[PDB]
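Here's the structure, in structure tokens; my notes come after.
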Amino acid sequence: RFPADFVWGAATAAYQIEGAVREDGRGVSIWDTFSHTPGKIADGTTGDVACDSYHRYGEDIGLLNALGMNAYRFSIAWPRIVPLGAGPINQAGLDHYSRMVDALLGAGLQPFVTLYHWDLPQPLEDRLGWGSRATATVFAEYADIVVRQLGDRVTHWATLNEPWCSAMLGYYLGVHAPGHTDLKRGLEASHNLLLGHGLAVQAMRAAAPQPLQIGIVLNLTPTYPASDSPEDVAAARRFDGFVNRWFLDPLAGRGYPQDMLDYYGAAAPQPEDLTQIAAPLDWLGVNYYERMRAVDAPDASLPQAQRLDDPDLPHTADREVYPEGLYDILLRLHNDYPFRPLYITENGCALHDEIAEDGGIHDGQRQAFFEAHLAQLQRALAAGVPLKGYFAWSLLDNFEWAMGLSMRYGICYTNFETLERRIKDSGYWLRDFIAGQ
Ligand SMILES: OC[C@H]1CNC[C@@H](O)[C@@H]1O
Ligand code: NA
């Protein structure tokens, strides 16, 4: 059993589900630009329509209610709120989210709002985006405006989702928007994301009409050397630094990890910033999908660490399944780092889901995925980890970034042609598991 007041939710992000990309004054985001660039998305799709949740968030609410959830993690689209990124507000964007928040509260669903889930306004990108310190400042101003208007009703806020992705996939590996490919630009982006976050936490506390519970959401990948050789151990530490400690340590008031500063060398970004980054948080969100079993790869791009596949583990449509990594990473946070309480702000999986002849979606491996990770959460809780909720990624099938509409993570199936949603078997399992609490 979980605590009686445990938060039980599902998660989405605005660009992945909303559609209506030009409606009601919305500006252009980097993902509008990126998905409309030939060859950036695997299947030729965009977020232009997606799940049409701009218009259909009522149906999404109906799903959450049918699942017996008590919370919904979703993001606010910065391009709807300040269409030019730096500039005037768009009250019609704020009013949309206001109505949505009221609909959620009316349904008994607590909103866990993400300010930034990757949809940087394009005019900011045109001035270097996360490569520019001014972007941090104006992110903080956006955070101020949203909290002034919604913070009477929404207490739980996350500044960023997965700054590692925004910086390293967006500016270093080039697979996410805006599609840059330079290490130094990636690392500069990571700094300005973190500064942005810190400036926003301060801004939000000053703007808020009541005390808030502010967090950040990080993807964390527990890393394990494939052997105990100095080479493989070092590769594990480098990957662990590249993904996890690079963000955890400055958030914790510890500066950037020195081993990584040494390794990155001249690519590393340029005390006062560090203080701001460490603005005290009320909680930390963990997004957990996979481990990294690392071998040294001296000829690879930094961090010169490659995955050693294990064919004996299960795999989904896109990842290796390793539930025990969730326990490991939570125990580490609890014992080694100062953030508390913690929320699992995402966990879930992608499969080749189809509507069967009976009308159901028989996604047994996703059911087994939830059951296995929830069992690891019970262990973590038994160890004293201060965990206060769990959000399944995703409420519904959606626009999965560079993989487009083709990679389905929902607990609900989305027919992208009709926009009809249907609960999958794993969604019914969650329903009935949550009810039994
Ligand atoms: O790839 C699965 C998910 C990982 N976390 C961020 C989400 O936007 C994404 O869909
Ligand atoms: Na498989």
Side-chain angles (χ1 to χ4, degrees), residues 9-18 29-31 34-35 41-43 45 47 50-51 53 72-78 112-120 158-170 173 175-177 193 216-221 243-244 247 285-292 309-323 325-326 329 343-354 362-370 372-373 390-412 414 426:
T12 59
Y15 188 82
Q16 306 188 261
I17 63 167
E18 284 183 1
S29 84
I30 62 177
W31 269 95
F34 190 71
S35 71
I41 314 303
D43 63 354
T45 62
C51 312
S53 289
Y72 183 36
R73 175 164 182 260
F74 69 95
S75 83
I76 287 189
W78 189 352
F112 274 64
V113 178
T114 307
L115 289 161
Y116 186 67
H117 197 130
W118 306 354
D119 41 357
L120 185 68
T159 53
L160 316 179
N161 176 82
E162 305 183 345
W164 177 94
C165 290
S166 294
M168 298 311 169
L169 300 186
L173 301 172
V175 298
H176 284 185
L193 281 152
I216 194 170
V217 166
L218 305 183
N219 54 300
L220 300 172
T221 298
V243 184
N244 304 321
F247 297 90
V286 181
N287 290 357
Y288 180 74
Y289 293 86
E290 65 205 355
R291 69 168 188 170
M292 167 63 164
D309 291 302
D310 189 341
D312 291 2
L313 295 172
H315 295 71
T316 66
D318 64 349
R319 296 182 197 257
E320 182 195 70
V321 180
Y322 190 71
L326 175 58
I329 201 70
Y343 293 84
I344 303 305
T345 39
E346 300 183 17
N347 178 232
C349 69
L351 300 176
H352 294 115
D353 297 301
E354 291 189 329
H362 310 306
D363 63 337
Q365 185 179 12
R366 184 167 301 102
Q367 186 181 303
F369 188 102
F370 296 127
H373 290 83
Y390 178 85
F391 294 85
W393 186 266
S394 184
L395 180 55
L396 70 180
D397 301 329
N398 63 49
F399 183 86
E400 180 52 35
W401 302 125
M403 290 310 301
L405 298 179
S406 79
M407 183 72 63
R408 299 175 174 279
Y409 269 94
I411 69 186
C412 307
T414 312
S426 65

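Below, each value reflects all heavy atoms present in this structure, side chains not excepted, and no hydrogens, waters or symmetry copies. Counting starts at 1 for both ligands and their atoms, following the listed order. The first residue in the sequence is number 1, and the count goes up from there.
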Distance from [atom] to nearest protein heavy atom, with residue and atom:
atom                   : result
atom 5 (N) of ligand 1 : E346 OE1, 2.6 Å
atom 3 (C) of ligand 1 : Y289 OH, 3.5 Å
atom 8 (O) of ligand 1 : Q16 OE1, 2.6 Å
atom 1 (O) of ligand 1 : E400 OE2, 2.7 Å

For this session: Measure the distances from the heavy atoms of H117 to every atom of ligand 1 and state whether one is below 4.0 angstrom.
Result: yes

Exercise. If you measure from each heavy atom of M403 to ligand 1, is any distance below 4.0 Å?
Worked result: no

[X], any N or O under 3.5 Å of ligand 1 N or O:
X    : value
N161 : no
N287 : no
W118 : no

For this session: Select one of side chain, backbone, both or neither to describe which atoms of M407 lie under 4.0 Å from any atom of ligand 1, heavy atoms only.
Result: neither

Problem set entry | Sub-3.0 Å protein N, O or S atoms surrounding the Na ion (ligand 2) | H315 O

By side-chain hydrogen bond (donor to acceptor under 3.5 Å, both in side chains), which residues pair with [X], not counting sequence neighbours?
X    : value
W401 : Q16
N244 : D240
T114 : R73

Any side-chain donor near an acceptor of the partner, [X] and [Y], under 3.5 Å:
X    : Y    : answer
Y409 : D353 : no
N219 : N161 : no
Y390 : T345 : no
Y15  : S35  : yes

Exercise. Between the side chain of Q365 and the main-chain N/O of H315, is any donor-acceptor distance below 3.5 Å?
Worked result: yes

Exercise. So, do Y72 and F391 have ring centers that fall under 6.0 Å from each other?
Worked result: no

Exercise. Which atoms of ligand 1 are found less than 4.0 Å from any heavy atom of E162?
Worked result: 4 (C), 5 (N), 6 (C)

Problem set entry | Atom indices of ligand 1 within 4.0 angstrom of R319 heavy atoms, with elements | 1 (O), 2 (C)

Problem set entry | Residues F112, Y343; criterion ring-ring contact (aromatic ring centres under 6.0 Å, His included); working and verdict | CA-CA 11 Å; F112 274 64; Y343 293 84; 5.2 Å; yes

Problem set entry | Point-to-point distance, once rounded to the nearest 0.5 Å, from OH of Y288 to CD1 of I344 | 10.5 Å

Problem set entry | Nearest atoms (heavy-atom pairs only) where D310 meets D312 | OD1-N, 2.9 Å

